[PDB]
């Protein structure tokens, strides 16, 4: 059956990581006749957000969205990239010590490190980075590093996160089944782990059809007493994540 050939071909008619597009492109998916509730939320969001970056919906969208967000900060901040390149080496050692399979998990790390170093030295331009994030072989190899640290963060902190897993699964079963494999949607627990593991700070604009608090549903992860601005903002629509950008 060439059915999953056509399914995973609908997915592939869009790029992994689109170029920027005005936020009004999101509003144009909707209208007052058939999708009035979504149109309202999008139009509202467009007062704050000027642009959207569509991420392919292939099961990896959340990981790919965070990864794209992080790489964007690091193209604009040489210091932060230095810090991220080093603290990724701390992950390699963490992985191999938390008993992840050695040479395979090491090779994902090595590929990711080399990619960052090549940004740092200037070998890779901005253009070259987006091309790499759109080439399936390379982009997914890079994305695996992020699935791995998400899993590692949970295993590192297992007694703490164990009670938030349902279906009677242990943390290791959850990681093995829902975090480590590719094409697996991310849920809250995974999302919380990646953001903390990656040391980032995210606002999720939770765009659904429901009457909402002024400004729309949103979640800041982490949420703490501090009022630091989020460095990555995601658009969540039911079952899907894209990247969005405040105006100017």
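Residue numbers count along the first chain shown, from 1.
Practice problem: Would you mind comparing 37-45 and 219-227 for me and telling me which has the higher average C-alpha temperature factor in the entry? | Solution: The entry gives the higher C-alpha B-factor average to 219-227.
Exercise. With reference to the PDB entry, specify whether the mean Cα temperature factor is higher for 83-91 or for 164-172.
Key: Going by the record's values, the stretch with the higher mean is 83-91.
Quiz prompt | Selection from 142, 74, 154, 148 [criterion: highest C-alpha temperature factor in the record] | solution = Spelled out: the listed residue with the top C-alpha B-factor is 74.
Quiz item: When the modelled residues of the chain are sorted by Cα temperature factor, does residue 131 land in the lowest, middle or highest third?
Solution: Ranked within chain, residue 131 CA B lands in the middle tercile.
Quiz item: C-alpha B factor of residue 178, ranked within the chain: lowest, middle or highest third?
Solution: Answer is lowest: the recorded C-alpha B-factor places it there.
Quiz item: Going by the entry, which third of its chain does the Cα temperature factor of residue 13 land in?
Solution: Top third by C-alpha B-factor.
Exercise. Divide the modelled residues of the chain into thirds by Cα B-factor and specify which third, lowest, middle or highest, holds residue 138.
Key: Middle third, going by the recorded CA B-factors of the chain.
Practice problem: Pull the Cα B-factor of residue 121 out of the PDB entry and bin it into the chain's lowest, middle or highest third. | Solution: CA B-factor rank for residue 121: highest third.
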